[PDB]
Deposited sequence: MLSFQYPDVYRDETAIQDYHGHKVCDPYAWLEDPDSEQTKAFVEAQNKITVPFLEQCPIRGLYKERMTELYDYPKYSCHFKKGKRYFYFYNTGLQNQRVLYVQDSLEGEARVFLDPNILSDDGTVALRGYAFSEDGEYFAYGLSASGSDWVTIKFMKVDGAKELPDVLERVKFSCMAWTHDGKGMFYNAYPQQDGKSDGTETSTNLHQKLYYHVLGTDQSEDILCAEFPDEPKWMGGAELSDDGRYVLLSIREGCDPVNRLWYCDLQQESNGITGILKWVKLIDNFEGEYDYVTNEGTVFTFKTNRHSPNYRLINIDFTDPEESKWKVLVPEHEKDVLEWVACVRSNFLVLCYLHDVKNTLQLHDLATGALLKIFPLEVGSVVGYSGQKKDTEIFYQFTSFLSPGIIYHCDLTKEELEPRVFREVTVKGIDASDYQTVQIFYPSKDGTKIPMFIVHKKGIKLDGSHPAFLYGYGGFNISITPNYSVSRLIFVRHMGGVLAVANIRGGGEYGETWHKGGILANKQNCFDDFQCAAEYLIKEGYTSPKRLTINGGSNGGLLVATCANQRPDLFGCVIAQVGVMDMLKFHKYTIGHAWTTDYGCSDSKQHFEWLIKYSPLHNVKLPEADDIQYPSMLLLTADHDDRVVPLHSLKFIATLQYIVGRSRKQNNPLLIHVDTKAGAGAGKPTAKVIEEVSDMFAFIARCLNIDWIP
């Protein structure tokens, strides 16, 4: 049972806004301020009920012990070469943050180069971006505290790992790009609030930030963000300008040879692509001929060559045409004249080597079914590394020496499932019909030989937005659910994602956002119909835009789910654009300032669709929201107002017996750069909640 009471929470019944003639009340609006005494008291009252609930069953401790043991495996990035040295990231297993190492050769002794763990007591200072100078002798790196999106950039001389005096503040959503003369580096800085007016600066090494040169600004377009990179030959600065989250950008360039006295003020920008109709992602150039990955006229992406000296679109060359189905995910240039292309084929990666001059296929790098999650090999490099992972594969790093006549990729590092036997499980891919008949991919992972009798707990994950493809990845936390809780794992590749290119994305955004929710509800119906699980035993989970997914699903089909866990969810679809970087998400969601968009948003906004189920035998699933009390990406008011609303409307009802809880982390932030210790706490909360709500016996 629930041996607690929900806290009394003040309702500001005067908080009424007219939206295009539709009056909307927001009685918990005051939870927008994370530092008020009122919001702090609300947070404290909620945690006072949630924490004892989660910690009461010995299950949480059993899970936490197993997680701590099974997550304690070596974690490596690919090696990458910079100048005359190799670097890689490595975590012995349970360090809060991974450490950057340096070695003089592949064969050589490695030494610690940058250890973020020494920057805090609790691993809450994290590396957030870095850039080596072109010659590899200098290193810039960003640090973020408590998951904040604000960054401080610091600098080191690589030889002897010497700290330099240079410090850059007010950095956020920033490029880091050194000019090839080694003189300095481009970065971005700013002059619940929304930051606007991001500018591009150039920092000369050995000077104060107050001396930095302003190189680009967009004072008539406060939402524009301009990121700089250097061409591979150092001649051009390429400025990619974004506004919102769609895969599109303007592309301007500056020929640095044409800057008379070097970088001294606003650069002589040539506005090569001066609209937001397509994405142009620089791959490499040979003189004035620039190869870009684009989605212009090509929703599954392709490679084009634009000659800056003859730049009309009718003159562009298609180097690697668009595939009819497979998405070109990313492209690198290596060993001067090779291209590495990574495709997504039915939600699994393939990796290929092509000739730069013709686009011809040269070599397929064989992979098992899963994802390529890391890669190294730049134009001047003569070898590649790439890292593969999958639901049952922690990671394999491959290496290939590209100077050889016959290429022979080899295993360079491999980590196997520790503790659990991977051969006892299997991963299947199925395609299920959505409401409108569209076939949606879903991966299912389960113990071999189970009976499809509906008896198994299931954990169904989704995201559904922003052109993000949800590809196979290794999660110890989910494998513990399978092995020790007898669960079935599922990941549904719903629309809004990038799995089938830009048409898949467009099929799940704006007026079509309800297609995401339909797809995800249909995934749940498939797992049930096919006998993997039953509604009372089904948990759904998502984070951020995926927290919106699962919150909406709880309101729309409370009868389909036993348990819902939403991490840092976007819950107030009418006000999201008003806070921090939320304005950028209007490219997926629309904005309530428009009547048309309001009419879409109101139908699904989780905060505005909490309703007691009409049927006497249906209640809301058990729900757990997780957020920290400060989060500059998804402001916590989303989850705070949502849980207040759930507890008032549904939790007060006699028929509601399933708990509706929030756990607010008040300890030095969660979010991106989350230390290992927090990850372990969070998954332990999640799976304890599931275990208690579904009364699942631990399987030792």
Counting from 1 along the deposited sequence, the ranges with no C-alpha atoms are 192-201
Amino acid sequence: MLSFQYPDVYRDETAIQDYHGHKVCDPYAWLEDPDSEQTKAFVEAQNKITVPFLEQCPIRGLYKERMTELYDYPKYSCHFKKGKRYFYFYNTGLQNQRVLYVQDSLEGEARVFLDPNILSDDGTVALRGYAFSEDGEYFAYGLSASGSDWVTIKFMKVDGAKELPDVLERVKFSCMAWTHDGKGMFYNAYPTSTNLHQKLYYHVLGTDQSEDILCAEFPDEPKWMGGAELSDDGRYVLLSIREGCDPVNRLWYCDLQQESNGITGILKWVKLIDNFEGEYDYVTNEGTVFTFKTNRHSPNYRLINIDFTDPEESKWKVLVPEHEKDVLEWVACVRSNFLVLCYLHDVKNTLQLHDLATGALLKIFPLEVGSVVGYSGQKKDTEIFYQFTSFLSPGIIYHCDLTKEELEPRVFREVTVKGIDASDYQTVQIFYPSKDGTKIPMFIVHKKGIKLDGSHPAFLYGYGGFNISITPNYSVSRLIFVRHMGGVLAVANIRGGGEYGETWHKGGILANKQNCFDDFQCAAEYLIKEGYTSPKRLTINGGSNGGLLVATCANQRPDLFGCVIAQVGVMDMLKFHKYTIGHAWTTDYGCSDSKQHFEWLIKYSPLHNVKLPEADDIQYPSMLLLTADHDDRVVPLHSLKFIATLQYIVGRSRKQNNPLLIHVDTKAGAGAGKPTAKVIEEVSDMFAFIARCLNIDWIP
From here on, numbers count along this sequence of modelled residues.
Of 486-494 and 577-585, the stretch with the higher mean C-alpha B-factor in the deposited entry is 577-585
Comparing mean C-alpha B factor in the record for 131-139 and 412-420, the higher one is 412-420
Of the residues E286, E163, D572, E279, the one whose Cα carries the largest B-factor in the deposited record is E163
Of the residues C254, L367, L548, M185, the one whose Cα carries the largest B-factor in the deposited record is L367
Entry-reported C-alpha B-factor of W316 relative to its chain, by third, is middle
Here the Cα B-factor of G462, set against its chain, lands in the third termed lowest
Binned into thirds over the chain's modelled residues, the C-alpha B-factor of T471 lands in the middle
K379: C-alpha B-factor third of its chain, per the entry, is the middle
For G673, the third of its chain by CA B-factor is the highest
